[PDB]
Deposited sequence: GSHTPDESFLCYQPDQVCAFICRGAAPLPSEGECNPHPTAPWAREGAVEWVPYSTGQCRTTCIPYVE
């Protein structure tokens, strides 16, 4: 039911996930439960579903 927020680190971006009945896959980086990133606050995509937005590193 409820939404769980995650923050992921990848070498080239930071991604925020809000998931319902799911969590980010290992391929989506070092992802850990964390408050929704301030810039993350639309499209649910996929055991459940996650919406996600990223910002790049340079």
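Stretches of the deposited sequence left without coordinates are 1-3, 45-47, 53-54, 67, in sequence order.
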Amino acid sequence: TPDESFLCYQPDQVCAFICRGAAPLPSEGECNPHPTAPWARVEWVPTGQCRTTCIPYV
From here on, numbers count along this sequence of modelled residues.
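Taking the deposited Cα B-factors for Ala40, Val14, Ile18, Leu25, the highest one is held by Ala40. Annotation for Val58: C-alpha temperature factor in the highest third relative to the rest of the modelled chain, per the entry.
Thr36: CA B factor in the lowest third of modelled residues in this chain (values from the PDB entry).
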